[PDB]
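Order of the sequence lines fixes the chain letters, A, B, ..., with proteins taken first and strands second; residue numbering starts at 1 for each chain. Quick note: numbers below take in every heavy atom, side chains included, and nothing from hydrogens, waters or symmetry partners.
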Amino acid sequence: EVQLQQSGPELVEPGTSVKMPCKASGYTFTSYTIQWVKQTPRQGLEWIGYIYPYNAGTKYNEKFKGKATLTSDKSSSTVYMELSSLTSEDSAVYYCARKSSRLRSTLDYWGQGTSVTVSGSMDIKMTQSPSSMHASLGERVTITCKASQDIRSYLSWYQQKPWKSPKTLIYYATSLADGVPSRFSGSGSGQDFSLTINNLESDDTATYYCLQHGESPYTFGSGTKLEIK
Amino acid sequence: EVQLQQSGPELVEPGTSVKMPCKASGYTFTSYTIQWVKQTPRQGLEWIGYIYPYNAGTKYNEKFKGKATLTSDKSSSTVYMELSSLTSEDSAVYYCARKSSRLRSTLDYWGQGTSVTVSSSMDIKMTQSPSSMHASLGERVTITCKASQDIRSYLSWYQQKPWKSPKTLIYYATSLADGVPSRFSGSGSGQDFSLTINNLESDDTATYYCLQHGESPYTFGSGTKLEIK
Amino acid sequence: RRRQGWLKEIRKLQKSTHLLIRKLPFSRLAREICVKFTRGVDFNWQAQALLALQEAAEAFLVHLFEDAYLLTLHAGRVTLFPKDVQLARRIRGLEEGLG
Amino acid sequence: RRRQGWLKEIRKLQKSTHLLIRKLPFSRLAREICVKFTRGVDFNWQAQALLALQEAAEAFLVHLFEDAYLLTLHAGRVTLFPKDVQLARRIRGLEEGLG
Amino acid sequence: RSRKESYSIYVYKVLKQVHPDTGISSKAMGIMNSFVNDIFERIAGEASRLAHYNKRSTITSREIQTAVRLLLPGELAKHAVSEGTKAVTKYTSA
Amino acid sequence: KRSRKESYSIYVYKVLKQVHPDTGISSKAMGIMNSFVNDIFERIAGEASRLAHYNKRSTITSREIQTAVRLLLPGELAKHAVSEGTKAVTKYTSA
Amino acid sequence: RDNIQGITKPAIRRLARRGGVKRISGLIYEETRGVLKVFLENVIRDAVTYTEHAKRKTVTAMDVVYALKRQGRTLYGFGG
Amino acid sequence: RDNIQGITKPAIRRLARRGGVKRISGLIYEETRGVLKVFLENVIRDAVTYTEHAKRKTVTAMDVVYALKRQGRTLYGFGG
Amino acid sequence: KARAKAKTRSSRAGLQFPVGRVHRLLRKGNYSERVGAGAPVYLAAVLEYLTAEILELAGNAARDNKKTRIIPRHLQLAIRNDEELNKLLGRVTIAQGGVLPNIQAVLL
Amino acid sequence: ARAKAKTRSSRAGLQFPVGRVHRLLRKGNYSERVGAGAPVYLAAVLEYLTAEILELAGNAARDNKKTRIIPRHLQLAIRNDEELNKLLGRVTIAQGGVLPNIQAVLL
DNA sequence: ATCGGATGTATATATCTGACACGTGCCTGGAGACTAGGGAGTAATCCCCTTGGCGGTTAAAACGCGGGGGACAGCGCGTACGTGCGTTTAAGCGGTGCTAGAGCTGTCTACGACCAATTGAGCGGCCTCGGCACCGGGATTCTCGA
DNA sequence: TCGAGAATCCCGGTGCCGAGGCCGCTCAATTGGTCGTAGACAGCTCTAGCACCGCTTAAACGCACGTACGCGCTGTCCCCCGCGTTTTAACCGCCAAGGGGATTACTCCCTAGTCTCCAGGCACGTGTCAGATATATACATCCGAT
């Protein structure tokens, strides 16, 4: 299968620089961009940037210009990320995710995560209306992701169990991802979207994020933590 | 058009070597073999050999094996012929002729010849049945070229004005060459072949040769001198 | 005091899209090549036909120079030689190369 | 006592016509490549299918080695390097090159 | 003069739905027209070859699906198969 | 029960027995000659089909086959194949 | 033991000597295994598509011949 | 002055700089003129074969597009 | 004689590309003896998807150039900067498209 | 009651089947109509190309002291001819081998 | 590491023209509705050919080692290519004019699809001997070392 | 410039299995009429391609020169090839089983075909705004000097 082997955690001091690899396997390495996501437990998931190894073309978030630098290596099928001038704000988990160059594709496969431990208004805000909810073991659950501007259908949904990488449930606001059962169902277009889980199981307790990728900085949702009985 | 420029007349002394060029133009150089014919007024026309510049592959007449050596040059589109150990029986005109690699093709275009003057058997025999003929300016002359073993229609016909290069009339024993009027018509298959000319003129005063190319040494006929009254 | 301007020339030519051979020499070169196939008869040419022929010929020549310069840099040189162009035509095959 | 036998090896391998890769390693390599496309289901293979696949693969590899050795001799070397194979795959294009 | 059909109005409708404030020049419209004709001929020729290999007389949506799967590389084939499948399944339920 | 399974083997053998009356052919080379005949048939018929479609014709005639032979075969190969096809069409029309 | 290592370096050396190569770097063998795996993936994916369209579970020689023919790599001698 | 000499040294130099070539030997101009002549004979012969089959005496843009398309050199933007 | 008002087959499929024209071109193009009903729908959907993908990438490339109109240069930049589209249109020349600005790194 | 059946191949002087080529042109989805002289022309061209390749391969077999054409002889016949190598350019002949070609700088 | 000056690159403003996007009439090609028939889906059956296993043989792969061939870095020399500048010369643009030929339309007839009956050409099955691969012994020709 | 050794080539004998010939049959090609339409041909109209001329101006051309760079030579060290020994796995023969390919029969749904009718799409105008070009301004970058 597609694996994105990421390195282990670091314990560094400020002013240092860290290179974290994202050695990929199981697919044609140049055909897919490799995205980088930062997860702090204060602001949730933030999109750093990507690199397209087909032409070494990058695009960064404006919040990470100068701080992040992406390089690729076609020989080892490896993408690196440098973090220059480390502050206390830079202590998080950094996932690398594989996204195809097609516009309706989303971040399909994620790396395990690298935990770094150190010693903007014109974007699109994703507003998840329930910040948390509690559910039974077979009833209905509906999460919404009302947007700021008009993304067309470029919205995907993710499930992240704690201390694990996020898993893609739904892309293109309705289409099921690979290996996802039909209990998950997405709807909506324009500015309001919805994710419905039809018959809850014991392992459907996680945080559920929505990601838009319709405009130039990609913005995740704030999150929705679902507990069950 | 297709033209094979050849060097001028050369006077030499015995014992040495001479290398004559056959600079060709007007066609793709590697697609065609370049044949070499020697014309004495003692044995008629004799086929020396060829070189195929696509792979520099040669094939010599065993009468001239060791005596001659053909080389090519793709940069200048030139074929050379070296005549080593110039004995007194080498005083002849040496034509270079272009022939396709196709089996029914014949020696289409000829060079003007280099008159080389040195200053002192399991083959196919072509027997032209008239040796000299005379006719007025309107009747019908027929020359026959009965072969010895068997040639499956691989016979061509050439005419030669005095001190000129030969010109192709018929190939594949019946087919008209390019630019030849329909007065000339060949016929025959197997071992017996014939060329008939229908309405003679004064330009039809030449020597008429038949050439077989069905077996590995190519053999010309003895010749037939047609004089128009 | 002579400065190098090959880099400025490459940077402006790689962002321009216009035709690099003049139209009137290419037109009569194409007509002279055409008269040798139509048995001496001269054919007419639409203006879009000569434009399409020139766009295809210049795209072919530009892409052949890109492939032949990789052979220049492979041999340690920086100057494009005719042996680079001949080898690039040989490796491309009979259809992408020859012709 | 060591004399060169690369020339004898080249001369006998260029006049032979048999397959150079052993049949059973190629067969199980092609089967494990096939099982990654058939949703984990094992497909059957005719014997002539694996023979046709091996003939095509060996002809492809021999022609790519010829094209890459032209690049080896272009650079003045006599030893075939992986950069020669990568450049020969790049110049052949997307269809004649990769894959 | 004849009628001289093209794909320009459909390409323009698709452009107005993916980029509502973007126009297109007439030279780029001719390139888009040539692209649509070329991909049509590629898919239809491959589907004709697939129907002939299996001794079938009909080109169905199954032949078009496997021709799209043979001709388009990568995720392009996956999303094109998704688009064609949803169009066929909402066409038959009408 | 077994099917028809047509091939060109008897015609390739008839041609070989008149260009080389004592040479034979192996069954592995006969399959290569069969693949060659099918490939050249498909090439010429596809080019003639496209030639009839470009000119808004519905019939493939011997003119389309002649033009497809001139487009596909390189060099003197096309010249001699046009000669052979024209000779066969002339002999067929007279009989 | 991987199956790509069944393409041994004597076999790669024989394929190179049939291609006329005099000396071979030691890094050629992994490059050749990668090139062969890319070629086999491209051909076998199309052959499996041809097999699955016919609703068969057996890759025939005609499927391989069609998969090669649609990539500009016509093979004579296995039917068609 | 032959018509192949109308493809001047600055035009060949501009075609090479668009190809990214930094330095250019003086023997490349005759090589480029020969390559351009071979390409043009191959395309123009097929385009004339398409024109003569249509019983026309005017080479159209579609004839050039078909002549390029049958050599694996599809051109967008001139019809078809 | 209660004949309903005609709905195009593009509207039943939810498409912009013409299903009836694609059906006529499939029937008159000498592809098969018969054409199924779902084949022009599937083909028109695939052609609409590919056109939309190229046009959206070219509109993004035109917006990065601060242009509001797509020219052939923007289509060339959209196609050659994408590996799958460059592989699909591999042996395709786009007129007035230019080349990618690719200078070799050993020269600088 | 009717005349004796003559094949269209013997009427055209061919060894290749004119009626089979006509049926393959009708059933091959090339056009809706096929002229009467089109399978004659096509069968003549196919017979010419088959005869050219078989004669070159028979000469290559006779040069190797053999009376039977194998795939190696077809490969040697095709690759030693520029027009036939250009026609079968993207064609792999199974069990045909390669041309003996060592580069001159190695010797 | 720092300072001054020419200049390439990026940015805002004007203005201008021609191409693009929109509106309209019409006509022809797509849709609606209906019928007929055959292509293909599906089920059942048969046999064939693919997979799996076992045992032994032996040729090929693997491994280690040593020597020398060759890759690569550096250096010096000479030549050929870029650059700049002044002269020249053909490309291009407008403007006119002419006419060949592309494109359309109407007539008509030859030719190809179609159909039914018949037969013989080609394909499957089978049967046999000779071309070729292999093996073993003898004549011919290049090579390192005195 | 020669001598044991290696390489290559030639010739006789053996066996085998595949090429080539023969026979039965069946289905696909031939024959003989019929019918309708595709295309050949004549004629006519008008587009667009060719041909010429003046003029301008940008591009090509020629030459001189400095220096960047190709190319040959040299030395070092490292890595590839040949060789000998041991390990291993491909291969071949025999055998069994069963999955699935291929064939056959039946039915019915789907698609070609026909007629009617209307609205989608195309030619044709037409007005305006996006992009090209020119100009002025500021930001940044290299080149020389220190």
Engineer: Rounded to whole angstroms, how far apart are CZ on E/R1 and P on K/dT28?
Structural biologist: 17 Å
Engineer: Can you find a heavy atom in the side chain of D/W45 that is under 4.5 Å from one in the side chain of D/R31?
Structural biologist: yes
Engineer: Nearest whole angstrom, please: distance from the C1' of L/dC69 to the CG of C/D84.
Structural biologist: 15 Å
Engineer: Between L/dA119, K/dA133, L/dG39, which one does the side chain of F/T59 approach most closely?
Structural biologist: L/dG39
Engineer: State whether I/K66 places a side-chain N or O below 4.0 Å from either non-bridging phosphate oxygen (OP1 or OP2) of L/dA132.
Structural biologist: no
Engineer: Report the nucleotide, chosen from L/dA19, K/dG29, L/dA59, that has the shortest atom-to-atom distance to any side-chain atom of F/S26.
Structural biologist: L/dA19
Engineer: Output yes when at least one side-chain N/O atom of J/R33 is less than 4.0 Å from OP1 or OP2 of L/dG39, else no.
Structural biologist: no
Engineer: For D/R1 and K/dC144, is the shortest distance between a side-chain N/O and OP1 or OP2 below 4.0 Å?
Structural biologist: no
Engineer: If I take atom CD in residue D/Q48 and atom P in nucleotide K/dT51, what distance separates them, rounded to the nearest angstrom?
Structural biologist: 13 Å
Engineer: From C-beta outward on D/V78, which listed nucleotide comes closest to its side chain: K/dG30, K/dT50, K/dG70?
Structural biologist: K/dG70
Engineer: Just checking D/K83: base, sugar-phosphate only, or nothing, at a heavy-atom cut-off of under 4.0 Å?
Structural biologist: nothing
Engineer: What's I/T8 touching, base or sugar-phosphate or nothing? Going by heavy atoms closer than 4.0 Å.
Structural biologist: sugar-phosphate
Engineer: Just how far, in rounded Å, is P of K/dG39 from CD of I/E33?
Structural biologist: 6 Å
Engineer: Does OP1 or OP2 of K/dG122 have a side-chain N or O of F/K5 closer than 4.0 Å?
Structural biologist: no
Engineer: Atom CZ of J/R23 and atom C1' of K/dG122: how far apart are they, to the nearest Å?
Structural biologist: 11 Å
Engineer: Is any side-chain N or O of D/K8 closer than 4.0 Å to OP1 or OP2 of L/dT8?
Structural biologist: yes
Engineer: With the side chain counted from C-beta on, respond yes when I/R24 and I/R27 share a heavy-atom pair under 4.5 Å apart, and no when they do not.
Structural biologist: yes
Engineer: Judged by each residue's nearest nucleotide on DNA chain L, which is more toward the 5′ side, I/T68 or I/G38?
Structural biologist: I/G38
Engineer: Do I/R73 and I/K67 have side chains that get closer than 4.5 Å, going by heavy atoms?
Structural biologist: no
Engineer: Of all the nucleotides listed (L/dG70, L/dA102, K/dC132), which has the minimum atom distance to the side chain of J/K66?
Structural biologist: K/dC132
Engineer: Are any of C/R22's side-chain N or O atoms less than 4.0 Å away from OP1 or OP2 of L/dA59?
Structural biologist: no
Engineer: Which of the following nucleotides, L/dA38, K/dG41, L/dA89, is nearest to the side chain of E/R56?
Structural biologist: K/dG41
Engineer: Can you tell which of K/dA33, K/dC22, K/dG30 lies closest to the side chain of E/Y12?
Structural biologist: K/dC22
Engineer: For K/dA102 and H/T58 - does any side-chain N or O of the residue sit under 4.0 Å from the phosphate oxygens OP1/OP2?
Structural biologist: yes
Engineer: Under 6.0 Å from the NZ atom of F/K28, do we count more than 12 heavy atoms belonging to anything else shown?
Structural biologist: yes
Engineer: Would you say the side chain of E/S8 lies within less than 4.5 Å of the side chain of E/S26, judging by non-hydrogen atoms?
Structural biologist: no
Engineer: For L/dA68 and C/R2 - does any side-chain N or O of the residue sit under 4.0 Å from the phosphate oxygens OP1/OP2?
Structural biologist: no
Engineer: Report the distance from atom CZ of D/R11 to atom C1' of L/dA7, rounded to the nearest whole Å.
Structural biologist: 11 Å
Engineer: Answer with base, sugar-phosphate or nothing: what part of the nucleic acid does I/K1 contact at a heavy-atom distance below 4.0 Å?
Structural biologist: nothing
Engineer: Report yes if a side-chain nitrogen or oxygen of F/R2 is closer than 4.0 Å to either non-bridging phosphate oxygen (OP1 or OP2) of K/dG125; otherwise report no.
Structural biologist: yes
Engineer: Please determine, for the side chain of D/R31, which listed nucleotide (K/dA91, K/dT51, L/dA59) has the closest atom?
Structural biologist: K/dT51
Engineer: Give a yes/no answer on whether the side chain of H/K57 brings an N or O atom under 4.0 Å of OP1 or OP2 in K/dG101.
Structural biologist: yes
Engineer: Tell me whether the OP1 or OP2 atom of K/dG69 has a side-chain N or O from D/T79 closer than 4.0 Å.
Structural biologist: no
Engineer: Can you check whether E/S26 has a side-chain N or O nearer than 4.0 Å to OP1 or OP2 of K/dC20?
Structural biologist: yes
Engineer: With a sphere of 6.0 Å drawn around CG of E/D21, does it hold more than 12 non-hydrogen atoms of other residues, nucleotides or ligands?
Structural biologist: no
Engineer: OP1, OP2 of K/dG122 versus side-chain N and O of F/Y11: anything below 4.0 Å?
Structural biologist: yes
Engineer: Using the side-chain heavy atoms of J/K6, tell me which of these nucleotides is nearest: L/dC50, L/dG131, L/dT31.
Structural biologist: L/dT31
Engineer: Let me know the distance between CG of C/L50 and P of K/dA91, rounded to the nearest Å.
Structural biologist: 14 Å
Engineer: Do the non-hydrogen side-chain atoms of C/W6 and I/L107 ever get within less than 4.5 Å of each other?
Structural biologist: yes
Engineer: How do D/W45 and I/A6 order along DNA chain K: which one's closest nucleotide is nearer the 5' end?
Structural biologist: I/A6
Engineer: Measure the distance from CZ on I/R69 to P on L/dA132 and round it to the nearest whole Å.
Structural biologist: 9 Å
Engineer: Could you check which of L/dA90, K/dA71, K/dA33 has an atom nearest any side-chain atom of I/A4?
Structural biologist: K/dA33
Engineer: Is there a donor and acceptor pair, one atom on the side chain of J/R2 and one on the base of K/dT118, closer than 3.5 Å?
Structural biologist: yes
Engineer: Judged by each residue's nearest nucleotide on DNA chain K, which is more toward the 5′ side, C/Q4 or J/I69?
Structural biologist: C/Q4
Engineer: Does NE2 belonging to E/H52 count more than 12 external heavy atoms closer than 6.0 Å?
Structural biologist: no
Engineer: Taking only the side-chain nitrogens and oxygens of C/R3, find out if one of them lies under 4.0 Å from OP1 or OP2 of L/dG66.
Structural biologist: no
Engineer: Counting heavy atoms from C-beta on, name the nucleotide in K/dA62, L/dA90, K/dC27 closest to the side chain of D/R28.
Structural biologist: L/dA90
